[PDB]
């Protein structure tokens, strides 16, 4: 699609066999999702935004469907107030900003 920005750019995602929704966020370097179970080994990380830092679990090579488009990459899990799709996955679906 072509998504205008009068409201938050939220899309349906599928991760871990579950349908969720997430914000398409060109300001986020990495994808961060609310607490859930994912396969494989994780590594502890910190991410910082407005507000300060949070503790997250880093899982690698996770399959996610974004608005019907498959992407595979790193997913961070932790206490974000909203699920966020960052640039590491937006690049895999060929998302662009246009003006």
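Positions refer to the first chain, counted from 1.
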query	finding
Mean Cα B-factor comparison, 22 to 30 or 47 to 55, giving the higher one as deposited	47 to 55
Mean Cα B-factor comparison, 11 to 19 or 82 to 90, giving the higher one as deposited	11 to 19
Third assignment of residue 96 from its chain's C-alpha B-factors	lowest
Chain-relative CA temperature factor third for residue 38	highest
For residue 66, the third of its chain into which the C-alpha B factor falls	lowest
